[PDB]
Each structure stands twice: as C-alpha cells, then as structure tokens.
Amino acid sequence: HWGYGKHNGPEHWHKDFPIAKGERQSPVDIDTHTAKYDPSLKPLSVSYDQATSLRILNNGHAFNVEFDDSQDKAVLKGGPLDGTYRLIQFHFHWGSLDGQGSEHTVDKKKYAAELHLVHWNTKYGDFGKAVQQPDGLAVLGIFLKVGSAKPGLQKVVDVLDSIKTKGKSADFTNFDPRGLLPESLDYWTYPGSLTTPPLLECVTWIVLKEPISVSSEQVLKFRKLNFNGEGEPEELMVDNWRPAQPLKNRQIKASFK
Ligand SMILES: COC(=O)/C=C/C(=O)N[C@@H](Cc1ccc(O)c(Cl)c1)C(=O)O
Ligand SMILES: [Zn+2]
C-alpha cells in the first residue's frame, strides 16, 4: 500500500487517491510575507485540562497517541473555527536528518519535525462523518526545532521502545498534551486536507508561528521506529512527511502582525 519509499511515496499517491492533485491539498509553504493579517480572527481557545489519553500505536506510517473523544474533554475553539472540535489523536512527522521532517514549510524552511493535533467538529457526531465535510476537522500544527529538550515530550519518547513495529500498541494514560505547546498561540490558518491518504479535503489548518525545541536525543529516538511489522525486514521510520503542495486558489490568514 502507500508509504514514503521510492516506489510508494507521495509522488505515487495520486494513482490510488486522485484527490492528491485537488483544489485544497496540504501541506503548503507558508510565505510569511503573503499571509494576510486578519484582525477579525478571534483568539484560539485550547482547552485540554480534562484530556484523557488512552493508548499509543505504531500504525506503520507514524505513531498516534489516541484520546477519549466521547465527551467534550479536550477541545479546540475560537480562532477561525465555528463550534467545538474534539481532540481524537496526535502524531508527528520527522526526517532522517535535522534539516528536514516538517510537512508545512515557512518561507521554504523545513523544520526537523511537525506535530499534528487532530480534532473533529462535534456537529458531525463522529470522526468518520467529519472527514466527509469541508469544515469537519481542525488540525493544530506545531513545528519542532532541535535545541534544548522538551520535558513534556519525554514520556512519549520513553514508550517508543515498546511500539517499535507496525501494529504494536501500548497503554498510554495520564498524558497531558499541554506540555507540547509553545508559549505563543499566534498562528496562520488556511483550508486544506489530510496529509496522508485518503487525503480528504476536510481540514481547517491552524499552524503555530512559534516552534517548540526538542533535543537531538529526543528526535533520534523517533528515528529508531520501524515502518515494517514484527519479523519483516527492517525499514527505519524516517522521512514520513508529504512535501509542500500548490497553494492554488487559497489564502493564508495570520492572527498576528
Ligand atoms: C492532518 O491530519 C491527518 O491527515 C489525519 C489523518 C488521520 O487521522 N488518519 C487516520 C485514518 C483514517 C480513519 C478513518 C477515515 O475516514 C479517514 Cl479519512 C482516515 C489515522 O491516522 O488513524
Ligand atoms: Zn500529520
């Protein structure tokens, strides 16, 4: 199936998923000097105090930390959003080297990694229904640069040994995603898509201006994971990012000057 190798990577996705070449695909390059400051953009509301993490899973493309989304416990509101969006899962994209790994780019700059906190619009009842709507998902994207260690990330790093191969999962309760946020909630926003197949065009992207710093030792542990399942030949899980797609008929708004 689809992946990030020479023969099944993003260049090939359009064959099974023709929407790959569609009107609002993600990620994109964020040209900071073309983004329009929009003073009518309300502040982002991130309410994660009652967040309930359940499990961590290696799905063969990345690892997902999954949350109980059966109630309004961890939600995104405000900013460009109408209504309430519940946190369902977060995961990362990263590189084989510190100089690549992010999906979005800022003035063509690639970051070492990118975090995606995925939320769905409660008005649609469940994640599966939400992805069929143009405003079904809100994804908060955070860049990672390599520098000082992120303490709130270490609990994630430590459990990776236990989910090394595709299909492995582990218990992962009492994790607080607030430890993954930068100081500022200043952001860019644009209409886009899932960055993995089926690449559905259902996402309001909210990309934070300020990256978080993680240590080289922390990202190094991401790179020890495997794309392959247990017993299969070993392919390191690295460079699991889709490159920037054409902006086309879209505008990027900024919450700040
Ligand atoms: C930007 O974030 C994303 O691209 C998030 C992608 C994502 O959450 N994908 C799912 C799989 C999935 C399951 C049911 C469905 O109807 C579809 Cl369309 C996908 C996953 O990784 O578990
Ligand atoms: Zn992602």
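All heavy atoms count here, side chains included; hydrogens, waters and symmetry mates do not. Residue numbers start at 1 and run along the sequence shown.
Summarising the geometry, atom CG belonging to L117 is positioned 6.0 Å from atom CD1 belonging to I142; distances are rounded to the nearest 0.5 Å. Between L57 atom CG and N64 atom CG the span is 6.0 Å, to the nearest 0.5 Å. Here the straight-line distance linking atom CD1 of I163 with atom CG of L225 works out to 6.0 Å at 0.5 Å rounding. The structure places CZ of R24 at 12.0 Å from CG of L247, a figure rounded to the nearest 0.5 Å.
Here the options are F90, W205, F92, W94, the test is ring-ring contact (aromatic ring centres under 6.0 Å, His included), and the partner is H116; only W205 passes.
Side chains of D69 and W120: a donor on one and an acceptor on the other come within 3.5 Å. Side-chain contact annotation: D239 with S96, donor-acceptor N/O pair under 3.5 Å present. Using modelled atom types and a 3.5 Å distance limit, the side chains of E235 and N228 yield no donor-acceptor pair.
Using a 4.5 Å heavy-atom cutoff, the side chains of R86 and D72 are in contact. Residues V203 and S26 fail the side-chain proximity criterion, which asks for heavy atoms closer than 4.5 Å. At least one side-chain heavy atom of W188 sits less than 4.5 Å from a side-chain heavy atom of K209. With contacts defined as side-chain heavy-atom distances shorter than 4.5 Å, the pair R242/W13 qualifies. Contact annotation: the side chain of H61 approaches that of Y4 to within less than 4.5 Å [non-hydrogen atoms, C-beta and beyond]. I252 places none of its side-chain heavy atoms less than 4.5 Å from the side chain of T34. The shortest distance between side-chain heavy atoms of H104 and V28 falls below 4.5 Å. Side chains of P177 and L87 form a contact here, defined as non-hydrogen atoms less than 4.5 Å apart.
Aromatic ring pairs are classed by plane angle as parallel below 30°, tilted from 30° to 60° and perpendicular above 60°; the pair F222 and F63 is perpendicular. The aromatic rings of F143 and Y111 lie parallel to each other, with less than 30° between the two planes, well short of the 60° mark.
Within a 6.0 Å radius of CG in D82, no more than 12 heavy atoms belonging to other residues, nucleotides or ligands are found. Atom NZ of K248 has more than 12 neighbouring heavy atoms from other residues, nucleotides or ligands inside a 6.0 Å radius. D158 CG: more than 12 foreign heavy atoms inside a 6.0 Å radius. Around atom NZ of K145, no more than 12 heavy atoms belonging to other residues, nucleotides or ligands sit under 6.0 Å away. Counting non-hydrogen atoms of neighbouring residues, nucleotides and ligands closer than 6.0 angstrom, the CG atom of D126 exceeds 12 such neighbours.
Annotation for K168 and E230: closest pair CE-OE1, 3.6 Å, computed over non-hydrogen atoms. In plain terms, the two heavy atoms of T165 and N58 that are nearest each other are C-ND2, 3.2 Å. Nearest heavy atoms, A254 versus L41: O-CD1, 3.6 Å. When all heavy atoms are compared, the tightest approach of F127 to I88 is CB-CD1, 3.8 Å. Minimum interatomic distance between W241 and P10 (heavy atoms only, all atoms of both residues): O-CG, 4.2 Å. Residues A244 and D29 share a closest heavy-atom pair of CB-N, 3.7 Å.
One N or O on the side chain of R250 and one on the backbone of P191 form a donor-acceptor pair closer than 3.5 Å.
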>> Does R178 form a salt bridge (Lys or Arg N to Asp or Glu O under 4.0 Å) with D49? I'd like the steps, not just the answer.
In response: CA-CA 8 Å; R178 288 176 301 185; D49 181 74; 3.0 Å; yes
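Under the 4.0 Å criterion applied to side-chain N and carboxylate O atoms, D176 and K155 are not assigned as salt-bridge partners.
One hydrophobic cluster holds both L115 and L185 under the rule that ILVMFWY side chains link at heavy-atom gaps under 4.5 Å.
For residues 97-117, the pairs satisfying salt bridge (charged side-chain N to carboxylate O under 4.0 Å, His left out) are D98-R223, with sequence neighbours left out.
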